[PDB]
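Cβ: placed from backbone, ideal geometry, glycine included. Neighbour counts: every protein chain shown. Every number here is computed from the coordinates shown, using simple stated rules; none is lab data.
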Amino acid sequence: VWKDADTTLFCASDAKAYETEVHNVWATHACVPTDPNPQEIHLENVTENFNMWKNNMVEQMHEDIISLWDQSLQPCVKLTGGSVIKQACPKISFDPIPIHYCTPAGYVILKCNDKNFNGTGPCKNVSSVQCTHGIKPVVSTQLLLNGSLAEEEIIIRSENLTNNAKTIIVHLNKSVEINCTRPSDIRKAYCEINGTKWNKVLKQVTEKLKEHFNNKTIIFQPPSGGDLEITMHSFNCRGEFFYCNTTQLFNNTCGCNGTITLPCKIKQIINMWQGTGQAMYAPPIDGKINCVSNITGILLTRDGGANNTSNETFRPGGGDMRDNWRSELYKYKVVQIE
Ligand SMILES: N=C(N)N1CCC[C@H]1C(=O)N1CCN(C(=O)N2CCC[C@H](C(=O)Nc3ccc(Cl)c(F)c3)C2)CC1
Ligand SMILES: *[C@@H]1O[C@H](CO)[C@@H](O)[C@H](O)[C@H]1NC(C)=O
Ligand SMILES: *[C@@H]1O[C@H](CO)[C@@H](O)[C@H](O)[C@H]1NC(C)=O
Ligand SMILES: *[C@@H]1O[C@H](CO)[C@@H](O)[C@H](O)[C@H]1NC(C)=O
Ligand SMILES: *[C@@H]1O[C@H](CO)[C@@H](O)[C@H](O)[C@H]1NC(C)=O
Ligand SMILES: *[C@@H]1O[C@H](CO)[C@@H](O)[C@H](O)[C@H]1NC(C)=O
Ligand SMILES: *[C@@H]1O[C@H](CO)[C@@H](O)[C@H](O)[C@H]1NC(C)=O
Ligand SMILES: *[C@@H]1O[C@H](CO)[C@@H](O)[C@H](O)[C@H]1NC(C)=O
Ligand SMILES: *[C@@H]1O[C@H](CO)[C@@H](O)[C@H](O)[C@H]1NC(C)=O
Ligand SMILES: *[C@@H]1O[C@H](CO)[C@@H](O)[C@H](O)[C@H]1NC(C)=O
């Protein structure tokens with residue numbers, strides 16, 4: 001017997017005590033070691049309601065990662081609310097590691113094992129766990145990186161598809177590598193994507209979106225304004241902030257199918273995701289800066305006043321990292337053992 005409840009979670013990780021990498025350092029002192037003997041109990045004949053869009057676990061992970069960045073990635077200058085802090089900004093070791101979220105005594109985590117689960121509504125195949133799986137806290141916009149994959153079909157996730165203001169999370173079932181490099185202009189970078197791989201996945205995505213939108217025509221367009229962090233695909237590679245133009249990723253025409261090369265820039269002046277504010281970092285480290293990531297999801301925003309047209313147009317979105325955490329926490333919820 002249990003009931004829906006919120007409580008303060010703790011974290012577990014395989015952090016290395018000797019590592020200078022900042023995620024390891026934070027997990028070493030803020031988490032416990034991962035459960036060496038994790039147990040999963042299947043709940044016979046249990047149906048349970050989930051709502052990934054109203055899930056306190058997401059808020060708690062958000063608070064953790066903000067703390068992680070605040071103790072690890074300090075900018076030369078932080079500009080918040082009129083205040084201006086000038087603190088040490090050395091170059092660091094940066095590579096996210098999986099973090100597990102675990103319940104204290106008197107609580108368990110319920111896990112939805114329905115392979116088609118979209119994040120809201122009833123789940124027929126429910127198990128209970130002490131900890132989630134290991135989630136890498138990858139900060140990014142537009143593209144979800146290094147996550148998990150949907151097990152069966154591509155999944156569309158949204159708090160309310162009919163409401164165009166609600167962010168759409170696309171959960172891929174086959175990852176697509178994105179290989180970004182600043183070769184050894186020191187801020188000029190690029191990302192390489194297999195155009196055959198990507199265009200095929202994207203076609204499947206549009207077909208999935210057809211199913212939710214009455215077989216309408218699915219059109220992609222570049223973001224319609226905003227800050228560079230959201231009009232570009234933003235992410236952190238080895239501590240450097242990359243900003244990549246994704247126009248060639250979301251062009252509906254696909255003489256295509258070669259390597260897709262996105263132009264990128266490393267920016268020193270950042271619009272922080274942790275909260276409204278601007279931060280400045282030192283110029284990039286020397287030599288080849290490279291990151292090979294898996295695209296496992298897409299963040300989309302649908303265009304509004306098309307209620308009576310023939311087209312549904314989608315633009316890459318992001319900005320609220322809670323959606324990133326939500327994309328992995330969607331199948332979990334905390335309950336109190338009554
Ligand atoms: N957290 C809470 N409680 N919130 C309540 C609703 C909005 C949200 C919120 O209050 N906020 C304020 C701060 N935010 C912001 O100002 N944004 C505008 C500028 C860009 C932002 C970006 O995505 N930055 C970024 C930086 C580096 C990387 Cl690598 C990256 F992938 C992304 C979006 C986040 C949402
Ligand atoms: C339910 O999910 C479990 C994972 O715990 C997996 O073995 C299988 O996909 C499902 N099994 C049943 C009996 O539904
Ligand atoms: C998710 O599944 C539930 C089934 O109960 C349904 O009500 C809802 O419309 C679905 N949402 C999406 C985006 O598929
Ligand atoms: C990328 O995807 C492949 C296959 O989908 C997987 O084996 C590999 O572990 C993934 N890499 C990362 C860093 O997630
Ligand atoms: C991914 O899902 C789509 C349906 O959305 C399906 O057609 C495709 O075969 C799936 N691919 C894999 C590798 O499971
Ligand atoms: C979803 O959004 C539409 C359009 O904004 C609105 O009419 C509808 O009431 C919403 N549905 C729910 C369940 O909130
Ligand atoms: C990534 O791209 C760089 C530069 O083009 C190349 O040297 C490297 O081999 C690529 N890595 C992979 C895994 O494709
Ligand atoms: C690009 O992806 C396709 C489909 O997965 C694959 O067959 C092809 O070998 C890839 N190209 C390269 C150069 O690896
Ligand atoms: C991305 O590239 C396209 C074409 O190269 C360009 O028209 C567009 O302005 C670029 N986007 C941004 C945000 O600079
Ligand atoms: C994704 O994971 C790979 C493998 O650990 C790593 O090399 C890469 O830098 C990661 N990408 C990001 C954006 O953290």
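Which value results when the Cα radius of gyration for region 90-216 is divided by 2.2 N^0.38 Å?
Region 90-216 yields a ratio of 1.32.
What's log10 of I(q)/I(0) for region 186-238 at q = 0.18, 0.21, 0.22, 0.29 Å⁻¹, Debye sum over Cα points only, no solvent?
Listed by q, the Debye log ratios stand at -0.88, -1.02, -1.04, -1.09.
Taking the highest mean first, how do the peptides 324-331, 282-289, 302-309 order by number of other beta carbon atoms within 10 angstrom per residue?
Highest to lowest by the protection proxy: 324-331, 282-289, 302-309.
Quick one: what do you get for the chain if you divide its Cα Rg by 2.2 N^0.38 Å?
After normalising by residue count via 2.2 N^0.38 Å, the value is 1.02.
So, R0 is 30 Å and r is the distance between the beta-carbons of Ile269 and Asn163; what FRET efficiency does that work out to, to 0.05?
With a Förster radius of 30 Å, E is 0.35.
Rounded to whole Hz and in sequence order, give me ³J(HN,Hα) for region 25-39 from the Karplus expression 6.51 cos²θ - 1.76 cosθ + 1.60, θ = phi - 60°, writing x for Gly and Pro.
4, 5, 5, 4, 9, 10, 10, 9, x, 5, 3, x, 9, x, 10
Amide H neighbours of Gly318 under 5 Å, at least 5 residues apart or on other chains, H built in the peptide plane: list them.
Placed amide hydrogens put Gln142 under 5 Å from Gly318.
DSSP loop (so not H, G, I, E, B), at most 11 other Cβ within 10 Å: list which GluC sites (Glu not before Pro) in region 20-97 pass both filters.
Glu44
What's log10 of I(q)/I(0) for region 270-338 at q = 0.13, 0.15 Å⁻¹, Debye sum over Cα points only, no solvent?
Taken in order of the listed q values, log10 I(q)/I(0) reads -0.75, -0.90.
Please give me the summed charge of the neighbours of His100: other residues whose Cβ is under 12 Å from its Cβ, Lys and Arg +1, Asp and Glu -1.
Combined, the nearby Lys, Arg, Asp and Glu give -3.
Could you go through region 98-115 in sequence order and give the Karplus-derived ³J(HN,Hα) for each residue, using 6.51 cos²θ - 1.76 cosθ + 1.60 with θ = phi - 60°, rounded to whole Hz, and x for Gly and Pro?
Residue by residue, region 98-115 yields x, 10, 9, 10, 10, 8, x, 5, x, 9, 9, 9, 8, 10, 7, 10, 5, 5 Hz.
Write down Rg/Rh for region 299-338, rounded to two decimals, with Rg from the C-alpha atoms and Rh from the Kirkwood relation over Cα pairs.
1.24
Pop a pseudo-label 7 angstrom from the Cα along the beta-carbon direction at both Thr47 and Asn251 and give the gap in nm to one decimal.
If labels sit at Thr47 and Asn251, their model points lie 4.9 nm apart.
May I ask which of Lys54/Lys208; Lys86/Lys136; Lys16/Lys267; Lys16/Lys136; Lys115/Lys331; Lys166/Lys210 have a Cα-Cα span longer than 20 Å here?
Check vs 20 Å cut-off fails for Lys54/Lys208; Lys86/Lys136; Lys16/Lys267.
So what's region 174-302 giving for Cα Rg divided by 2.2 N^0.38 Å, two decimals?
Scaled against compact globular proteins, the figure is 1.15.
Label 7 Å along Cα→Cβ of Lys197; region 124-147 residues with amide nitrogen under 13 Å?
146
Using a cut-off of under 18 Å, list every residue of region 287-321 whose amide N is near the label point 7 Å from the Cα of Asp14 along the Cα-to-beta-carbon line.
Of the residues in region 287-321, 294 have backbone N under 18 Å from the label point off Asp14.
Using the Kirkwood formula on the Cα atoms of region 1-145, what hydrodynamic radius do you get, in angstrom to one decimal?
Averaging 1/r across every pair of different Cα atoms and inverting gives 17.5 Å.
How would you rank 204-210, 89-95, highest first, on the average number of other Cβ atoms within 10 Å across their residues?
204-210, 89-95
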